[PDB]
Amino acid sequence: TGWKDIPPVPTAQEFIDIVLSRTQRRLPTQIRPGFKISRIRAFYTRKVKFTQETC
Amino acid sequence: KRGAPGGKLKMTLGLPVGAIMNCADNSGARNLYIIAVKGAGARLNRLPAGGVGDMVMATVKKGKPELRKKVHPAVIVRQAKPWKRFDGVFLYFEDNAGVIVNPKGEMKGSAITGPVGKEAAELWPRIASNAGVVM
Amino acid sequence: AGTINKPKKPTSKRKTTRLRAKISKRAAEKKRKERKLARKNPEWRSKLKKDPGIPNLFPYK
Amino acid sequence: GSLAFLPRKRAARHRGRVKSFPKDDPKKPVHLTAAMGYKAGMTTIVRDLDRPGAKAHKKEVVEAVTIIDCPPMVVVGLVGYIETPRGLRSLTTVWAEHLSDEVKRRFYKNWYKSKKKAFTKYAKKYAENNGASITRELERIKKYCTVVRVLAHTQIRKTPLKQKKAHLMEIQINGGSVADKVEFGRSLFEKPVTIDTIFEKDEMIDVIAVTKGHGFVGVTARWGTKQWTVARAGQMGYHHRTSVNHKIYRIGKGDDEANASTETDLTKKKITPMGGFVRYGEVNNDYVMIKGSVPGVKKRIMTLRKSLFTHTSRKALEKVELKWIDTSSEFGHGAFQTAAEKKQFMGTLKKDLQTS
Amino acid sequence: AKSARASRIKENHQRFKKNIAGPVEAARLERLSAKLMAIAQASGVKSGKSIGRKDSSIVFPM
RNA sequence: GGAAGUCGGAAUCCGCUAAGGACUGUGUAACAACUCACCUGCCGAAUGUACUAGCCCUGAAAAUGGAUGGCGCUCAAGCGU
RNA sequence: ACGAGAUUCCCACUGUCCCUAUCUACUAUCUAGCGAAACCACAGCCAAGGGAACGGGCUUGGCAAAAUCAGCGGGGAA
RNA sequence: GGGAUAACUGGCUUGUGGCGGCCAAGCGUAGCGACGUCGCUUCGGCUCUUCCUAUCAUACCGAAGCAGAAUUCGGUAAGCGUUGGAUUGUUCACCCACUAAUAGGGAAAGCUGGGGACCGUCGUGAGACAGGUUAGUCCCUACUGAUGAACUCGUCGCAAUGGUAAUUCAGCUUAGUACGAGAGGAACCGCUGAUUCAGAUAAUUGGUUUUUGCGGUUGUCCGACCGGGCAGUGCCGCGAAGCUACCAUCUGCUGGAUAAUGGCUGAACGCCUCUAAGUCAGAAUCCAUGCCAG
């Protein structure tokens, strides 16, 4: 049929902005030092994992 | 284009998800198992339900082995739950039956056993072409 | 932004006394660290400073 | 549930107030706005649909309609309002001479034991050369008021109701100069106004009434469950409601003797069902056949008013053609429209021969 | 979809109210007013033409 | 393939000069054409650049409705002396 | 082969559910008579502030109108 | 065995790594030194009300070889919604679809499944003990409804204030048109339905039956018949009335001002500029009307 359905390929800088904005706005961004250590570990683990899946 | 018919009028739906209805065509299937209803809404705890002329997604429980390999669209042709037509007539059939139909609306079989509901015949011309009795 | 029609929660300027002591302790602590760091002073100090001199716009230069 | 109807308390009054009359401009002709009727019941009709673009176009459709008994209202007064920075204010009202006993019953709680002298001194105002006082009030309305309303009361002696205390309301006079409508209101004194003059066929109206009561009901049936925002138990029903966009399908005359007849069926019959409207009686006056359902129990006072805005749908300004009107009994699985049709079907009975 | 308070829907309704619904309701009002017209037509101090006085507060009592 | 300052690599000189880059962008398949740099005429008196110091905006905020103490205050009822 | 043993599958049934509705009796409700106990510093509206993440009485705002009946569960170191 | 210690965090947190060199305005008179570039790489489920926006969808805008269709990135926006199953084979636990979409959090919370510490004795290259002791703290108010004294009783009204409501999709026409080599393939105006939500209503259809209304029938009894009693309404059939059901039917409405953004005239700044003075339009936004209470 054709190859018009290929999604656009972002530039190197636009790729980073797309990935980093998604992990900032699609996930909560408020953690406090007074929480449990397991809760803090789970919060930052989610951010690292979420960034990779989008990538 | 999702196979939700347009111009359909409101009627009493009497075939929820998880119901067994007979198969009215000569494609080799005997009964169908409803697992999804095309055009269903999004409300909590509500089981999607179908009616005469509504495309559903069904699997063949008993029938020809080929038809038991994949989930097929189907249009409900007869309904045991009484419903009302706009002429003020409350009517019902003695069984629940449908026909295997491709996503566009073309019947896979070539003949229909039993009468075809008026709403299903008017909505889908292909079912109207392969019908012997319309009531 | 639609701030006029639908303003958000105000940012309180009512100082809580917990912050004020906490804000004063940090000012005291920060001042002490400057004095201690200026004591270590691994940096050269001269006698004569760079005098900018008479300004050019002074009519009697 | 909905927080727009939140104070789910009993209505302060059994009658129901209009709360809004349509906006007035002097360019339109002089006309009335609202009227009163009594709910009779429901019946089934067959309509020859003429809806271009619908599936039932050029086809017959069966619909449910409600019947409201509408005896003519009597205009017995006039009220004038002025605009203030604090809203609308009643400046003065001018009553007519010779009020009826029913409208005087509204003014009394114990009418039987009372010495009926309401408006006795007011009547002397007309007939004892104090007509200057009456005219002075009429001229006061003309030169100071911006909205003029008419006090009209029902005639329940014509209604098959045990109640003898009539219902008063103010109906706004719209479409004209303040001077023009004042002469309009004075000319309407002591005169009956029929429903076919206020409304007409195939027009869409709003109905105001108090809903059926249910008493103390829990959360399951009150708020519809599967603080002020949390569902609680309390009063369900008897709530003031304003339902809009209800199409008048027919206005019967009562004296026609063929109210339920159409141009399709040639049966001389009235609107009253075989055996009478269940729990209401017989409609012997003008009636308004309103499509669908309407708030209120049978024999409840019903407030009909006009649409506040010009309509934006083809449901309005579309002709309504009727094929057949049901008249069979509502007291059971009726199958006969007339007493003659039952006797023809079953032949003659044992009692028929014994009496004859 | 477009809301009931959409600007475009209001503009379309305004044209409908002016070009289709208006004339029909104007003709209806003429007929109704004619019927009610038919039913209805079926010294200043001593006469009341000089509108005089019949029969909490706003100012401070002096 | 075509490449004329302007798809690319590298050099980037001289003449006429008042001045004009072996060219700053638009443009052509390549030209053409336009534009910038720079120069002249008209106009006429003050301008440009970069920093410094004040005050003001931004310089990141979640989740019951609320806080310079409150009303409120703008040549202040704010800021400096 | 046996087992009120467990699990899976197949047929059948079901207000378990889509999604609730109706009906009956005793209560709940009101009256006559009889008639306690638990518990009780004194009280009892909300918001922000009250350094010791502590408020119910203070601050300063929102406010704020007698006397009652029924429903409820929101509040009272290692 | 002894000593210091109840324990932590509170304008905390969020999107862009560290180390070394080069460059580097300054500070300074060698040392600190940003942005760039180079080098090396206890847990799960259940929930109702409200709030937030860090917006998945619906509305409106800016940009992209964006022809059309379908999209992608970004902006204003929380008005309105954000599903039904599997969890029965393997694992970083995640497939099946339906849908316009199946966004993330706070109030931090309760139910439900999964998954103790001191002495004593006998020994210690090491544990054993059914040896002893022990902690395990129906009223007021809030809300929802109903009455109410005082103002003579009543009738007809006003409207401060409080709440507020609608939502999404599809089909016909435009049109096999614009657009396109072909394959394919829109939109505004107009018309008709359906989903979710909300408020009502009983003509019709279905459900319900102490109408104990009529009939049939089992056991026992009134001596048989007739007519009946009892079986806490014996059982069965129909059953009006009432109540109810997106299991039935009806209805859901219009002005102004704005955000992003696109403009007009025009200084700042002898060009220019949507902005400075002035001003036009413009979102499901805001405020009101319609609606509910008084």
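Worth knowing before you read on, the calculation uses all heavy atoms, side chains too, and leaves out hydrogens, waters and symmetry mates. Chain A is the first sequence line, chain B the second, and so forth, proteins listed ahead of strands; every chain is numbered from 1.
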Distance (rounded to the nearest 0.5 Å) between [X] [atom1] and [Y] [atom2]:
X	Y	atom1	atom2	result
D/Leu168	D/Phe107	CG	CZ	5.0 Å
E/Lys10	E/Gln14	NZ	CD	8.5 Å
D/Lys306	D/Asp206	NZ	CG	9.5 Å
E/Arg8	E/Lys2	CZ	NZ	6.0 Å
A/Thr11	A/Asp17	OG1	CG	8.0 Å
B/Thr12	B/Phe90	OG1	CZ	7.0 Å

Whether H/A64 and H/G65 stack: are their six-membered ring centres under 5.5 Å apart and their planes inclined by less than 30°?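 Not stacked: H/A64 and H/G65 fail the distance or angle limit.
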For G/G73 and its strand neighbour G/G74, are the base ring centres under 5.5 angstrom apart and the ring planes under 30 degrees apart?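 In short, no, the neighbouring bases do not stack by the stated criterion.
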[X] [atom1] to [N] [atom2], straight-line distance once rounded to whole Å:
X	N	atom1	atom2	value
D/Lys55	H/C172	NZ	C1'	7 Å
C/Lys15	H/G10	NZ	P	21 Å
D/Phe309	H/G252	CZ	P	13 Å
B/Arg43	H/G81	CZ	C1'	14 Å
D/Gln337	H/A203	CD	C1'	12 Å
D/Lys291	H/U201	NZ	P	18 Å
B/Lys81	H/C246	NZ	P	12 Å
E/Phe16	H/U254	CZ	P	12 Å

Within the sub-3.5 Å range, which N or O atoms of nucleotides 143-146 of chain H have a protein N or O partner, and how far apart are they?
from, atom 1, to, atom 2, distance (Å)
H/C143, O2', D/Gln227, N, 3.3
H/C143, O2', D/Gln227, O, 3.0
H/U144, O2', D/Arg222, NH1, 3.0
H/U144, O2', D/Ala233, O, 3.1
H/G145, OP1, D/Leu6, O, 3.0
H/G145, OP1, D/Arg8, N, 3.0
H/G145, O5', D/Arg222, NH2, 3.4
H/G145, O2', D/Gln235, N, 3.2
H/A146, OP1, D/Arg10, N, 2.9
H/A146, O3', D/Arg10, NH1, 3.0

When you check the side-chain N and O atoms of D/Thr229 and D/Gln227, is any donor under 3.5 Å from an acceptor?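 The criterion, which ignores hydrogens and geometry beyond distance, is satisfied for D/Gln227 and D/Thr229.
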Would you say D/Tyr238 and D/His214 are linked by a side-chain donor-acceptor pair, where the criterion is simply a distance under 3.5 Å?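 Not at all, the side chains of D/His214 and D/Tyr238 share no donor-acceptor pair under 3.5 Å.
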Ion pair check, [X] and [Y], cut-off under 4.0 Å:
X	Y	answer
D/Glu318	D/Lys247	no
D/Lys291	D/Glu63	yes
D/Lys19	D/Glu170	no
B/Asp54	B/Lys38	no
E/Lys18	E/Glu11	no

Considering only atom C1', compute the distance from H/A260 to H/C274 and round it to an integer number of Å.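 One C1' to the other, the span is 15 Å.
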Kindly say if [X] contacts the phosphate of [N], meaning a side-chain N or O under 4.0 Å from OP1 or OP2.
X	N	value
D/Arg13	H/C156	no
C/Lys22	H/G11	yes
B/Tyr92	H/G206	no
D/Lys298	H/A202	no

Nucleotides bounding contact with chain A, strand RNA chain F, heavy-atom threshold 4.0 Å: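 Contacts span F/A60 to F/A62, reading 5' to 3'.
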Are [X] and [Y] side-chain neighbours, meaning at least one heavy-atom pair lies under 4.5 Å?
X	Y	answer
B/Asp87	D/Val62	no
D/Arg8	D/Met236	no
D/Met204	D/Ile248	no
D/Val210	D/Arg241	no

Between the protein and nucleotides 10-15 of chain G, which nitrogen or oxygen pairs come in under 3.5 angstrom?
none

RNA chain F: stems of at least 3 consecutive Watson-Crick or G-U pairs whose donor-acceptor distances fall under 3.5 Å: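 Detected stem regions: none for this strand.
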Paired with H/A63: which nucleotide, if any, by Watson-Crick or G-U wobble criteria at under 3.5 Å for both distances?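 H/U72 - that is the nucleotide pairing with H/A63, both distances being under 3.5 Å.
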When all nucleic acid strands are considered with a 4.0 Å heavy-atom cut-off, which category describes D/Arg89: base, sugar-phosphate, or nothing?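 Nothing, no heavy atom under 4.0 Å.
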For E/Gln14, answer base if it contacts any base atom (sugar-phosphate contacts may also be present), sugar-phosphate if it contacts only those atoms, and nothing otherwise; contact means non-hydrogen atoms under 4.0 Å.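 Sugar-phosphate contact only.
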So does A/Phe43 get a backbone contact from the side chain of A/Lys47, meaning a donor-acceptor N/O pair under 3.5 Å?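 No, because the side chain of A/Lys47 does not come within donor-acceptor range (under 3.5 Å) of the backbone of A/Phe43.
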Could you run down the sub-3.5 Å N/O contacts of the protein with nucleotides 52-59 of chain H?
from, atom 1, to, atom 2, distance (Å)
H/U53, OP1, C/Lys8, NZ, 2.5
H/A54, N7, A/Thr29, OG1, 2.4
H/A54, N6, A/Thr29, OG1, 2.9
H/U55, OP1, A/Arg25, NE, 3.4
H/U58, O3', E/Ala1, N, 3.1
H/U58, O2', E/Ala1, N, 2.4
H/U58, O2', E/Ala1, O, 3.3
H/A59, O3', E/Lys2, NZ, 3.3
H/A59, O2', E/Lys2, NZ, 3.1

Assign each of D/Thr220 and C/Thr17 to its nearest nucleotide of RNA chain G by heavy atoms, then name whichever residue's nucleotide is nearer the 5' end.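 Closer to the 5' end of RNA chain G: D/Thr220.
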Pairs: protein N or O with nucleotides 63-67 of chain H N or O, under 3.5 Å:
from, atom 1, to, atom 2, distance (Å)
H/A67, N7, A/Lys4, NZ, 2.7

